[PDB]
Ligand SMILES: [Cl-]
Ligand SMILES: [Cl-]
């Protein structure tokens, strides 16, 4: 059937324009019952309908974004596009294109979607992490101790413990993106409460994009 | 906007209902409720439109209905492939589209597991850098959906809250984290802070104090 496929930049800097493109494939057939739409989905957040373009090229934009957007179509390329002006970190999201339809039984539904294209907005290019200890502070006789890997860009960061000798009870969590446009993550390991006096625990943080490695020893406080 | 439960689950072969609660402007406004299924990384798919119409191509196990300002998606014989994120949508008489915030529907393939929750206060070292971060780490939970709420002296905190989507661990359980970004001065300016984790209708809470 018809398929929609998005293209995007991956990363854009604040104050710049975000340009996305949706190519329509598999037979199309231009019709006033179809509305070509953009919708974005926030990091673990809800959905926002951005606007559409329909038929002869008339547009309708979500009133809160109206002043920053242009949706246009290039039918010779079987594509339609979104320009979003002066983006900030709050514009980070997965952007989807979708076909809305007015046909009976399908009214006001989006009956075809693209896979989404992730867009990250940030002023950073390469910045290594600050590493802070999460000092141990149970029913199973264990204590959790960790490292906070803060304010780096871009992803990814890897963390091992004791040079990778400690893998048991180790969890390295997915990153959050801060309003600063910089990432933070944590790594934790669960170890015997009785060993907190005799045992050394060091998190090894590697951020290859900034060529930085940090070794941080984590003690009781 | 539209209210869905963050999680729903059932074992293979069982049936499960997912609610979507709006106002009389949208759901009950008219019959323009639709539902969407989304598998990570794949195009969302329309599974129900005009409240109760199932498109050709969609498995007969999905059915929709509505009653009040509340619409519902029922999945009948749960199959592994039915595990996905589901969203409801409605047209509004204000000439716009509203969406729910989504429901993760897990088709149980192992025992439910309660999250291990750990809450760290800011390190003295971080405080020296003029930053304060509270760190709530949540691991080994299944199904892979949780709700986190932050509290400063029993009062709900919204600002400074940064929460990850759950990610699958190598044991097929899930991990997530939530951070509360504060200044050193607001850190010391409160009696205590709490991270409250809700999983499967059960709430566990950790608390720290400066
Ligand atoms: Cl049942
Ligand atoms: Cl409380």
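Residue numbers (the deposited numbering), protein chains in the order written: chain H, 1 to 35, 35A to 35B, 36 to 82, 82A to 82C, 83 to 100, 100A to 100E, 101 to 127, 131 to 214; chain L, 4 to 27, 27A to 27C, 28 to 95, 95A, 96 to 106, 106A, 107 to 208.
Idealized CB from N, CA, C, for every residue including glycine.
What does residue i reach in chain L if we use C-beta pairs closer than 9 Å?
{"i": "residue 208 of chain H", "result": "None at all; the shortest Cβ gap to chain L is about 14 Å."}
{"i": "residue 11 of chain H", "result": "Ordered by position in chain L, no residue passes the 9 Å Cβ test against residue 11 of chain H, which lies about 19 Å from the chain."}
{"i": "residue 127 of chain H", "result": "116, 117, 118, 119 and 206"}
Show which residues of chain H have a CB atom less than 9 Å away from the CB atom of residue i.
{"i": "residue 167 of chain L", "result": "164"}
{"i": "residue 162 of chain L", "result": "41, 42, 166, 167, 168, 169 and 178"}
{"i": "residue 131 of chain L", "result": "122, 141, 143 and 177"}
{"i": "residue 100 of chain L", "result": "43, 44 and 45"}
{"i": "residue 170 of chain L", "result": "The premise fails here: residue 170 of chain L is roughly 14 Å from chain H at the closest Cβ pair, so nothing lies under 9 Å."}
Under 7 Å, Cβ to Cβ, is there at least one residue of chain L near residue i?
{"i": "residue 82 of chain H", "result": "no"}
{"i": "residue 100D of chain H", "result": "yes"}
{"i": "residue 100 of chain H", "result": "yes"}
{"i": "residue 137 of chain H", "result": "yes"}
Which residues of chain H have a Cβ atom closer than 8 Å to the Cβ of residue i, listed in chain order?
{"i": "residue 42 of chain L", "result": "105"}
{"i": "residue 203 of chain L", "result": "The premise fails here: residue 203 of chain L is roughly 15 Å from chain H at the closest Cβ pair, so nothing lies under 8 Å."}
{"i": "residue 53 of chain L", "result": "100 and 100A"}
{"i": "residue 95A of chain L", "result": "47 and 60"}
Around the C-beta of residue i, are 16 or more other C-beta atoms found within 10 angstroms, so that it is buried, or is it exposed?
{"i": "residue 9 of chain L", "result": "exposed"}
{"i": "residue 6 of chain H", "result": "buried"}
{"i": "residue 117 of chain L", "result": "buried"}
{"i": "residue 95 of chain L", "result": "exposed"}
{"i": "residue 212 of chain H", "result": "exposed"}
{"i": "residue 53 of chain H", "result": "exposed"}
{"i": "residue 210 of chain H", "result": "exposed"}
{"i": "residue 2 of chain H", "result": "exposed"}
{"i": "residue 164 of chain H", "result": "buried"}
{"i": "residue 60 of chain L", "result": "exposed"}
{"i": "residue 17 of chain L", "result": "exposed"}
{"i": "residue 151 of chain L", "result": "exposed"}
{"i": "residue 184 of chain L", "result": "exposed"}
{"i": "residue 85 of chain H", "result": "exposed"}
{"i": "residue 98 of chain H", "result": "exposed"}
{"i": "residue 189 of chain L", "result": "exposed"}
{"i": "residue 137 of chain L", "result": "buried"}
{"i": "residue 188 of chain H", "result": "exposed"}
{"i": "residue 34 of chain H", "result": "buried"}
{"i": "residue 172 of chain H", "result": "exposed"}
{"i": "residue 129 of chain L", "result": "buried"}
Does residue i come within less than 7 Å of chain H when only Cβ atoms are used?
{"i": "residue 83 of chain L", "result": "no"}
{"i": "residue 69 of chain L", "result": "no"}
{"i": "residue 112 of chain L", "result": "no"}
{"i": "residue 34 of chain L", "result": "yes"}
{"i": "residue 65 of chain L", "result": "no"}
{"i": "residue 49 of chain L", "result": "yes"}
{"i": "residue 173 of chain L", "result": "yes"}
{"i": "residue 104 of chain L", "result": "no"}
{"i": "residue 214 of chain L", "result": "Here chain L has residues from 4 to 208 only, and residue 214 of chain L is not among them."}
{"i": "residue 140 of chain L", "result": "no"}
{"i": "residue 62 of chain L", "result": "no"}
{"i": "residue 2 of chain L", "result": "Only positions 4 to 208 of chain L appear in this structure, which leaves residue 2 of chain L out of reach."}
{"i": "residue 91 of chain L", "result": "yes"}
Name, please, each residue of chain L whose Cβ falls closer than 7 Å to the Cβ of residue i.
{"i": "residue 181 of chain H", "result": "116 and 135"}
Who are the neighbours of residue i on chain H, taking C-beta pairs under 7 Å?
{"i": "residue 1 of chain L", "result": "In the structure as shown, chain L begins at 4 and stops at 208. Residue 1 of chain L is therefore absent and cannot be evaluated."}
{"i": "residue 4 of chain L", "result": "44"}
{"i": "residue 124 of chain L", "result": "122"}
{"i": "residue 46 of chain L", "result": "100D, 100E and 101"}
{"i": "residue 127 of chain L", "result": "120"}
Open item on the list: Restricting to runs no shorter than 3 residues, where is the beta strand (DSSP E) found entirely within the stretch 166-201 of chain L?
Closed with: 172-180 and 191-197
Open item on the list: Would the stretch 156-164 of chain H count as touching the stretch 7-21 of chain L if we require 3 or more Cβ pairs under 8 Å?
Closed with: no
Open item on the list: Using 8 Å as the cut-off, can you tell me whether the stretch 184-199 of chain L makes contact with the stretch 130-146 of chain L, which would need three or more C-beta pairs spanning the two stretches below that distance?
Closed with: yes
Open item on the list: In chain order, what are the residue ranges of uninterrupted beta strand (DSSP E) at least 3 long that sit wholly in the stretch 44-87 of chain L?
Closed with: 45-48, 62-66 and 70-75
Open item on the list: Extract the residue ranges of the beta strand (DSSP E) inside the stretch 4-33 of chain H, only unbroken runs of 3 or more that lie entirely within it.
Closed with: 18-25
Task: Runs of beta strand (DSSP E) wholly within the stretch 128-155 of chain L (minimum 3 residues, chain order) - done: 130-139, 145-150 and 153-155
Open item on the list: I'd like to know if the stretch 191-203 of chain H and the stretch 143-152 of chain H are in contact, where contact means that at least 3 CB-CB pairs between them fall below 8 Å.
Closed with: yes
Open item on the list: Within 8 Å, do at least three Cβ pairs link the stretch 65-80 of chain L to the stretch 179-192 of chain H?
Closed with: no
Open item on the list: Below 8 Å, how does it come out for the stretch 114-125 of chain H and the stretch 39-46 of chain H: are there three or more Cβ pairs, yes or no?
Closed with: no
Task: the stretch 46-58 of chain L contacting the stretch 96-104 of chain L, beta-carbon criterion three pairs below 8 Å - done: no
Open item on the list: Any contact between the stretch 106-113 of chain H and the stretch 8-22 of chain H? By contact I mean 3 or more CB pairs, one from each, below 8 Å.
Closed with: yes
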